[PDB]
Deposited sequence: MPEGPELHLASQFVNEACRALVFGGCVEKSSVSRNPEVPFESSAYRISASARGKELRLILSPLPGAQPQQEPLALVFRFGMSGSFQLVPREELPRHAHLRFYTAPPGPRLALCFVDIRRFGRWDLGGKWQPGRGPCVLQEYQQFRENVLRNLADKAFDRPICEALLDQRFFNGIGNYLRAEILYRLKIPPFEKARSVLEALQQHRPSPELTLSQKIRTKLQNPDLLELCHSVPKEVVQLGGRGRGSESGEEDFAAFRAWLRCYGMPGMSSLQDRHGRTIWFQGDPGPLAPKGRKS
């Protein structure tokens, strides 16, 4: 999951939890090496916001709930397979590693953080990850200025296809968005990042870093349904597609592209 999936996950949590009251504890699987959430409340609501490739849940006790409690914020990273699901309390999916339980009256549900591969992480404290740059979806102007003001950073010595994964500057861009972004402008993936970025000191590369992921968000989904899956595969122009070339960057990750690999190709 990339920025769009984190964003759609946060919309899922806000819409699905809008009229639910949670109660009790926050239960973690025995196999998850992530920390226990020390939170109990007889009546609380769950809300979410995304920033880049991170999501923040707020656990908000209702007036009078017991035990007394201040709101608790948790921040999640999804790694390669994370997602949120609202399931019936006795029909936990496999790999549901953190669980929030609806209070009565009404059907007993569980909001679940599901993570097949367990590369996902959560931290106590509502803080965004120090060092992550602004959200390409929700903080576009800050995102743009943070890149153009820091082209001296040795980050921009690297191929543009590698620079685009650096979450210090492109918080929310992953392996599918970098292919899709570079394909829209036919920028060779192994062009030097500083070359492509100095040259903008109709839409440019930093605009597409925002407008391309925004397109995915506008498809709908909930972190991505088995028909909204078809919508996504059809939107894709480059990542995985017949007729496209592919190489490994210096971190063994696969960049998809058409035409010139570019000057810094291995």
Unmodelled ranges, which are counted on the deposited sequence from position 1 and given in order: 1, 203-221, 245-248, 291-295
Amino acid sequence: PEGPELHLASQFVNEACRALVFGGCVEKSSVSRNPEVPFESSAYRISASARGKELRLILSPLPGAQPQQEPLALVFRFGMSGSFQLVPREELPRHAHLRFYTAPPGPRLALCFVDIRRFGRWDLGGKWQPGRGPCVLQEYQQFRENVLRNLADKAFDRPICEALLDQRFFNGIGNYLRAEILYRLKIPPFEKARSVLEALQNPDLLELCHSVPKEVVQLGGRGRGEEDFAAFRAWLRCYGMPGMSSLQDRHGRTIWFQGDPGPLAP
From here on, numbers count along this sequence of modelled residues.
Higher-B stretch (mean Cα B-factor, as the entry records it), 5-13 or 243-251: 243-251
Entry B factor averaged over C-alpha atoms, 207-215 against 63-71: higher for 63-71
Can you tell me which of 137, 124, 181, 111 has the maximum CA B-factor listed in the PDB entry? 124
Residue, from 106, 82, 159, 188, that the PDB entry assigns the highest Cα B-factor: 106
Assert third(CA B-factor, residue 88) within chain per record equals highest
Comparing against every modelled residue in the chain, figure out the third that the C-alpha B-factor of residue 152 lands in (lowest, middle or highest). highest
How does residue 201 rank on Cα B-factor within its chain, lowest, middle or highest third? highest
Split the chain's modelled residues into thirds by Cα B-factor; is residue 95 in the lowest, middle or highest one? highest
Compare the C-alpha B factor of residue 31 with those of the other modelled residues in its chain, then answer lowest, middle or highest third. highest
